[PDB]
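> dropping in the first section of the assembly, placed as in the complex:
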Amino acid sequence: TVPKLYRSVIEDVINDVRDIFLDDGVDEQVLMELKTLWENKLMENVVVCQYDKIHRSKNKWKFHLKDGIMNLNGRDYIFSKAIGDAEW
Amino acid sequence: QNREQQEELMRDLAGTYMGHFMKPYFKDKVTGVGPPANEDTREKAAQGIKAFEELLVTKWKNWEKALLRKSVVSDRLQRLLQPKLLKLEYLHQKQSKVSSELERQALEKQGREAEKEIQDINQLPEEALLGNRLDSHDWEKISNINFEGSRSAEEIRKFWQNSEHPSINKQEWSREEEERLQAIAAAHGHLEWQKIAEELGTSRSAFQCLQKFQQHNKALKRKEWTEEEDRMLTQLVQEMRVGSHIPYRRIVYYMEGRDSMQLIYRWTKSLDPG
């Protein structure tokens, strides 16, 4: 379901910066060129997210992470809520 | 023995619900998730399959229709507003550091233009807010924000584009409308339903046209009994007999052109004495 998210985000960025580009003068053609080049550009493990709560019990870490993106084995996953446990 | 009885009673006080043993029968204790998916489930998902959950159909409630209408309207507004909001903020940030009075006046003109466009947006009537019944919205945003998650994105999408969008005639069928429906059905043959919905002179989808045709289609049921029909009915009844109260539905679903009403009437009146 990842690429649907990226399509949504890309459309979002485009209809947002459309007026900015019409304002500063950047014609729509350059904008669509950016869009296309970005899409084509789309083709270590890191989780970047927002922690809703990180709890510790003397060894036991319990993470409750909000919206986040992961880079597990080169393939990038999405999650809207990630509970997790760990032992120090 | 008495102390053993007391221990039994205590463990009764200290004594799972058969709810904790549904589809993820093996739930974890450190988490709530079950075991990973099975290679058989992988193979079954591939080659296509419909799991039990994916087949659940819930009848739409009255209030859900209003909720979807309000959701579509609000998200159309947000999508229309985000560009102008960013334009206005960019103009203001440019004014903050322009330090040129003629350029500042040009920027204030552009900002007044942006504000005027925003005012036109927030005064746009409901019609232009609706759309062309085929436009796009962040339906995955709807299903998670406006709806609690009770409906999938594509479900809402199909309900909206095909059914709920107010550009679809929901009125009753007039004599003239029913006449035209069968007229066009005959002219095209009882197959070409999209073109018929188009030619009907109304915005009723092909689905509703076919519904109104079937509900008055006499060839839907055979209405006349034949001996081979009777033979098949007897064979089926004897196969799925339980004594009395033969399931007529599961019999119909093995026959063609018949419904449980006619099967009941036939089995009672001409397939057993009485």
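Yes, it's here. Residues are numbered from 1 along each chain as shown, chains lettered A, B, ... in the order given.
> helices or strands up against the helix or strand residue B:194 falls within?
Here residue B:194, judged by DSSP states H and E, is contained in helix B:193-199. Packing partners of helix B:193-199 (3 or more Cβ pairs under 8 Å, 6 or more residues apart in numbering or on different chains; DSSP states H and E): helix B:175-188, helix B:206-214. Quick note: C-beta positions are derived from backbone N, CA and C, even for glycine.
> so which of those helices gets nearest residue A:4?
Nearest to residue A:4 among the helices and strands packed on helix B:193-199 is helix B:206-214 (26.8 Å), distances taken as Cβ to Cβ.
> pick the most buried one from the helices and strands packed on helix B:193-199.
Mean neighbour count (mean count of other Cβ atoms under 10 Å in any protein chain shown) peaks for helix B:206-214 among the helices and strands packed on helix B:193-199, with a mean of 17.
> what helices and strands are in contact with it?
Packed against helix B:206-214 by the contact rule (3+ Cβ pairs under 8 Å, 6+ apart) you find helix B:175-188, helix B:193-199.
> what's the angle from the longest one to helix B:206-214?
Computed with axes from the mean of the first three to the mean of the last three Cα atoms, to 10 degrees, the direction of helix B:175-188 lies at 90 degrees from that of helix B:206-214.
> give me the contacts around helix B:175-188.
With Cβ atoms under 8 Å, 6 or more residues apart in numbering or on different chains as the test, helix B:175-188 has contacts from B:173, B:195, B:196, B:199, B:200, B:201, B:202, B:209, B:212, B:213, B:216.
> include this sequence as chain C:
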Amino acid sequence: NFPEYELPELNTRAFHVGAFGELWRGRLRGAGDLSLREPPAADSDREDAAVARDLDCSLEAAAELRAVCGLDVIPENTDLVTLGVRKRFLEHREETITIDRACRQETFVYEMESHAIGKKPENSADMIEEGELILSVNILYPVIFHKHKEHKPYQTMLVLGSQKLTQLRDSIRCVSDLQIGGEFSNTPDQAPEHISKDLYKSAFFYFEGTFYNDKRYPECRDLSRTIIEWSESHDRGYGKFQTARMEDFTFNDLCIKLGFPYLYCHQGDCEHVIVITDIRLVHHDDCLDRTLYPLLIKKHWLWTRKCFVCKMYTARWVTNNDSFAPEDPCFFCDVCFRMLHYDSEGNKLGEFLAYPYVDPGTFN
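Okay, chain C now, added to the rest:
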């Protein structure tokens, strides 16, 4: 072993079913009801003599015991407590419903209960022997309706204590052993190549820690394996685990609890709970047969999904991403499904993913 409770009315301690059957058979040897022969002045003398021998009394004592202990219709009177409430319910129903005819859902469960009890085998060579240890298992219907989370439907089967699992397995009428796969979006008339029963024959029973995998049919695989994979690494409850072959193993070879949920997984993800209602010894007034013996005696009579365009037929086709369907998963009978798509040469119209629907209210 002993069927001794574990909880007051919800469970018992795990016991070997074979030993239980053996204890019952032993404590009923030559003095038990293990005859299985239906009931039929000279016989009176023999009965009196037997009574005298068993009760250490005289022949006259046996005769007078037989005489004194002899055996001793709708309208009622001279009320009692329960007869009072019965009469009141009946009169209330009399002022009530005009059609006394029995409900079609009571007759269903009744006939399913008495479908084939009191039907003796026509072969009389396969008829079960005495002490055959009938286990009245009930398999939980899968969650195929929302209402099935609330009140868990189930079908009861009278498994036999020598029925050799992979016989119960081969007999459980679920609909996950159906549902011809594949998507027919450009093929209105497609031969069903293989029902899911034929394709994915693997399945297993989880009973008291141990797994029993359907290693028969070498087009099968080990569905239990996956579970073991994460019970060995990152223990998440459930401790130790074991596995068996389910083919040599028959019933009464187990060590199980009653009223305690156990698992039957077939087709990979369909899950079936295998609570054992009770183990009772074989007795007459039932089939006594062997062929039909698994004996599904109760079933849920589920609802039947009808077509969405017309309501006069059942749902043969389920479509998604349709261009005419109001709802996303839309159920069409074959008639109208052929008329909202596939026009005049059997070529796709618009766009839709059409899958074959089995309508489980109809099957199994």
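> again for what packs on helix B:206-214, since chain C is there now?
Short answer (3+ Cβ pairs under 8 Å, 6+ apart): helix B:206-214 packs on helix B:175-188, helix B:193-199, helix C:334-340.
> would you mind putting these into JSON lines with distance to residue C:54 alongside?
Output for the helices and strands packed on helix B:206-214, formatted as JSON lines (distance: least, Cβ to Cβ, whole Å):
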{"stretch": "helix B:175-188", "distance to residue C:54": "85"}
{"stretch": "helix B:193-199", "distance to residue C:54": "83"}
{"stretch": "helix C:334-340", "distance to residue C:54": "69"}
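> so which of those gets nearest residue C:101?
Residue C:101 lies closest to helix C:334-340 among those, at 33.4 Å (Cβ to Cβ).
> the closest one: what's the following helix or strand?
strand C:353-356.
> burial of residue 58, as a residue count?
Just going to use chain A. 5 (other Cβ atoms under 10 Å in any protein chain shown).
> the intended chain is chain C.
Here the number of neighbours of residue C:58 (other Cβ under 10 Å) works out to 11.
> for residue C:300, same thing?
When neighbours are counted by other Cβ under 10 Å, residue C:300 registers 18.
> closest one to residue C:251 among the helices and strands packed on helix B:206-214?
The nearest among these, by Cβ to Cβ, is helix C:334-340 at 42.0 Å.
> any idea whether residue C:230 is helix, strand or coil?
Under the three-state scheme (DSSP: H, G, I helix; E, B strand; the rest coil), residue C:230 adopts helix.
> how about it, nearest residue that isn't a chain neighbour?
Distances taken as Cβ to Cβ, 6 or more residues apart in numbering or on different chains place residue B:35 nearest to residue C:230, at 6.3 Å, with adjacent residues excluded.
> add chain D to what we have:
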Amino acid sequence: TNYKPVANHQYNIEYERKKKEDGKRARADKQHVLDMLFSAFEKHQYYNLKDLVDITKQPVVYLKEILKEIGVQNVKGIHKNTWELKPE
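Adding chain D to what we have so far:
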């Protein structure tokens, strides 16, 4: 039903939670405070110490120490003596 026994008043736990969630004001580096301090002076010629603290979001003692080095107090008989953000 009046004055029912309670361990803590609802208005008091909410205020306590808000104070805990907000946390104590941190002592930022002098350079950042000075840069923010003078930017405030731009909007208004004269600033009150109590109101100035909110803009800087710095401890009162720390703000006074930095303000004392450059800022000066001007006595106004109309209301009171306030601080001057002008170094001279």
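> now with chain D: what packs on helix B:193-199?
For helix B:193-199, the elements it packs on are helix B:175-188, helix B:206-214, judged by 3+ Cβ pairs under 8 Å, 6+ apart.
> turn these into JSON lines, including distance to residue B:109.
Output for those, formatted as JSON lines (distance: least, Cβ to Cβ, whole Å):
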{"stretch": "helix B:175-188", "distance to residue B:109": "54"}
{"stretch": "helix B:206-214", "distance to residue B:109": "51"}
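> circling back: just the residues contacting the helix holding residue B:194, thanks.
So helix B:193-199 is contacted by B:181, B:184-185, B:188, B:204-206, B:208-210, C:323-324, C:339-340, C:349-350 (Cβ under 8 Å, 6+ apart).
> return the member of the residues you listed nearest to residue B:136.
For these, the minimum distance to residue B:136 (Cβ to Cβ) is 15.8 Å, reached by residue C:323.
> isn't that closest one up against residue C:353?
No: using Cβ atoms under 8 Å, residue C:323 makes no contact with residue C:353, being 11.1 Å away.
> between these two, tell me which one has more neighbours.
Neighbours were counted for residue C:323 and for residue C:353 using other Cβ under 10 Å; residue C:323 has more, 19 against 14.
> Provide the secondary structure category for the residue most central in space within chain D.
Taking Cα atoms, centre = their mean, the centroid of chain D lies closest to residue D:53, which sits 2.1 Å from it. Of the three states, residue D:53 takes helix under three-state DSSP.
> now swap in residue D:8 and tell me
Residue D:8 ends up coil, using three-state DSSP.
> quick one: neighbours of residue 19, just the number.
Went with chain A since none was named. 20.
> sorry, should have said chain C
Residue C:19 sits with 13 neighbouring residues when counted by other Cβ under 10 Å.
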